[PDB]
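Below you will find one chain, with nothing else, as structure tokens; this is the form deposited in one PDB entry, and questions on how it binds or moves follow later.
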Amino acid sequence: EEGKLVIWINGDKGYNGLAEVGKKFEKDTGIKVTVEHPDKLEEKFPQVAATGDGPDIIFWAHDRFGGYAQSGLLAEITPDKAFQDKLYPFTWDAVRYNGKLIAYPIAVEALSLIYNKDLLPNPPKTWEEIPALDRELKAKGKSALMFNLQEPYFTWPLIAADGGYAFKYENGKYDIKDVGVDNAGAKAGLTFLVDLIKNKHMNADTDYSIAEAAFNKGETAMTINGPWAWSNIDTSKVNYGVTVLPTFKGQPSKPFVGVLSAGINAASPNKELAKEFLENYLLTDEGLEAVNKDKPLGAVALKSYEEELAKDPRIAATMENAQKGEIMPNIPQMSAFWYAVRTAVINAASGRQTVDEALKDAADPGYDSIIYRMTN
């Protein structure tokens, strides 16, 4: 680590694009940059950083950074007024924790409906229509919809539709005691999805790669996913639309919005180098274009680059879905929250627990929660 840069980022993002950026950096400065995408980095980072190890720079959606900052794993960052002016105000707000800035914002992510325009000329406006749709679509030996049920992020817009929420957001701060995941909005959302399963419109163990291959091979009319997925759909030549998520009980799907963000390890001795890389190389039209050409970032934080992208109707649809949803909390409880809800969705989907039972556990984990099973 002594005079080089190690960067971690998720394997669904443009880390080859990003590596090309670190080759530029190395070519100008002589500093070696290594980009890695380890499995479950969002869990490894706080483990290795707890002992003063880890990468120099960590990329994740902003929801996790509050917890790292509470744990002291992140350096405070100082961008001057000029630098700050280059990025949207709400992107900075996403990386502000106890009044400090703890990361650089990169890009705004939200989920959308992605549909195969061909076998499905009109999408649905609602979830309601999907069992009747999936049934006529099985006639051609197809299914209507496949998406990741192993990550609760992908089910969340449905759960939030009729009023499921995470922690109530009250004038200023988030109410940690007031947890929305087992209210009747939440219950109705997920019970819908479980019925789709009970009645075989969806399989309970579909994961990210199954939904992706199923979509990209024309096997299923629809999927739910973010900007990063558009690339591989381009490669497959599937004719797709990106559009508004379907409503439920006639309210809009509400996706949790993430700000892909870039933090500097508090234990790093290359903090100054990390600052030059992030500010002068990545967050430029050409740094981001390079990542974005690998896998699309969504609506970027950099105003100069976003000007171009905003003209793409995938990006406008992404943004309209982001409009109906909610910026993720970055509080330290988020991590336990996701772990609970991931288990609760998987449990109810597989019949291991009833909807009421699974979400009650997610809303109020006792000592029987997975969160305290000290599992791995």
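All residue numbers refer to positions in the sequence shown, first residue = 1.
Same protein, other form: the form deposited in another entry, not shown, and the subject of what follows.
The candidate at the hinge, the spot where one rigid part hands over to the other between the shown form and the other one, is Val108 among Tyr68, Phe59, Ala340, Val108. Compared with the form shown here, the C-alpha atoms of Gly99 and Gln323 sit at least 3 Å closer together in that other deposited form. In summary, the C-alpha positions of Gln150 and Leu297 diverge in that other deposited form, ending up at least 3 angstroms farther from each other than in this conformation.
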